[PDB]
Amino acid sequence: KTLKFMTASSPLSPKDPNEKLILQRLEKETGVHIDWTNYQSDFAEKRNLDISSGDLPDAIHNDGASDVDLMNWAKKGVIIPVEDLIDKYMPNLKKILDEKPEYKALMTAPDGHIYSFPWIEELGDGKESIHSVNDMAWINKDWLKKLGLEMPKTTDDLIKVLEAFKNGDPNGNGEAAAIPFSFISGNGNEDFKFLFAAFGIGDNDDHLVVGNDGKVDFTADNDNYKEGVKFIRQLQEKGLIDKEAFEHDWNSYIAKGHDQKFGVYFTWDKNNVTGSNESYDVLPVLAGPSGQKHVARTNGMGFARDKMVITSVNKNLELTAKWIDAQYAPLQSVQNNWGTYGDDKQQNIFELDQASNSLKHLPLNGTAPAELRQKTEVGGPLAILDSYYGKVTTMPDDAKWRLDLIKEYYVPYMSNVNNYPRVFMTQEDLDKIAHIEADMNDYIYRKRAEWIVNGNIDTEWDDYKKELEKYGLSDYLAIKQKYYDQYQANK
């Protein structure tokens, strides 16, 4: 009758997950009441504290653990293998793995067990994947029009446009009126690393691309990456960068965006930042000084290995597996992922077409897509296959639009035939990689920021590459190359 789940949700959503409409209806459908431990900030740290202290729930919902965490928990018996539960009790999930058997292999550890239940979302394939570019660049076209400027075609054009934004006062002469160039530095949708590809090769959140010769390339020791840093340094020197770029957060970024203070900025979807208007548009791919014109592929995809694990203290495995399988029912997967219908107290993502028993996206009418989604989605394990569109659900309007923009602006310049596959490394290789990344990851962004602020990259570049080798870069690369070769060979 009752299960205790830890979960992760947005701070815009209710403290008690059971106040969400989806979870009220789901309790009626399943007959199971969930008592939630709901962490709405710093989920991973609070989860790790619970595991370390022995305060385990029946299952961790919407978990998102790394592979190294996954295998360590499995080795210590914190979580259990689940392939037998799938086989015995999970017909919805088994049907998905029968329609797309490639996912079975992505769920299976090198020891042959399955330890977690995945998120699956089919939106485009290959270069056309919705994930191929995360930190899209957007520009204020109203300012271009007001100042009599053409859309930049080159990185040199971009400098001149941004200087016009600073010197030409398109939205007022105040010291803080116009922010020519802004970003949230680091990983994710708001970083500036998209532009590094205008110097060839570019960069992504893994700092890892795959050459057309089949050689895995760590991007952050490339001469091309040095030239990218120097370009951003020029913008800094010219007084063109948001003075709080390296300190602000998403809520501040969004507040500045809503006031339309940005000339050029980065985000997944402009509608979350500068709003639903034609004042901002996609910045087309720029040519660099030598004619480099490129879009680096991310290694993102519509799959996450672990959106749920079952702990060793769960005493109702059949009930838990059946609850989880209910999330993989198509109409439930769509709603858990995106929101729901029929709330009279709150805007709805969907309406339910009674006749066809299917879901149809409603217009957002100016509401930010991520804001309403955060309030009403559930997350957790689920599956959305491209066969569902036109049958179970409409394709989201924002998703279709973004797929069209990727195809129009970016795919022609995505010249790497491959990106880096989603591999499942052995526990030994995972722990070697995790020790190297404990040094490398923070160091890479620290130096990048330092160089943008101090201008000393030419003096320090060689020492920096030596430091990366001290931290184990060549071993790191050899391991990534091993698993790439093993993936291509197919074990």
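One-based numbering along the sequence shown.
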- request: Read off the CA B-factors in the entry, average them over 263 to 271 and over 385 to 393, and name the higher stretch.
  value: 385 to 393
statement: Ranked by mean Cα B-factor in the entry, 63 to 71 and 445 to 453, top stretch is 63 to 71
query: Among 200, 77, 211, 302, where is the Cα temperature factor highest, going by the PDB entry?
result: 77
- prompt: Out of 185, 346, 155, 224, which shows the largest CA B-factor listed in the entry?
  reply: 346
task: Going by the recorded CA B-factors, say which third of the chain residue 131 sits in, lowest, middle or highest.
output: lowest
- request: Place residue 167 in the lowest, middle or highest third of its chain's C-alpha B-factors, as listed in the PDB entry.
  value: middle
- line: Binned into thirds over the chain's modelled residues, the C-alpha B-factor of residue 253 lands in the middle
task: Report the third (lowest, middle or highest) to which the CA temperature factor of residue 142 belongs, ranking only the modelled residues of the same chain.
output: middle
message: Where does the C-alpha B-factor of residue 306 rank in its chain, lowest, middle or highest third?
response: middle
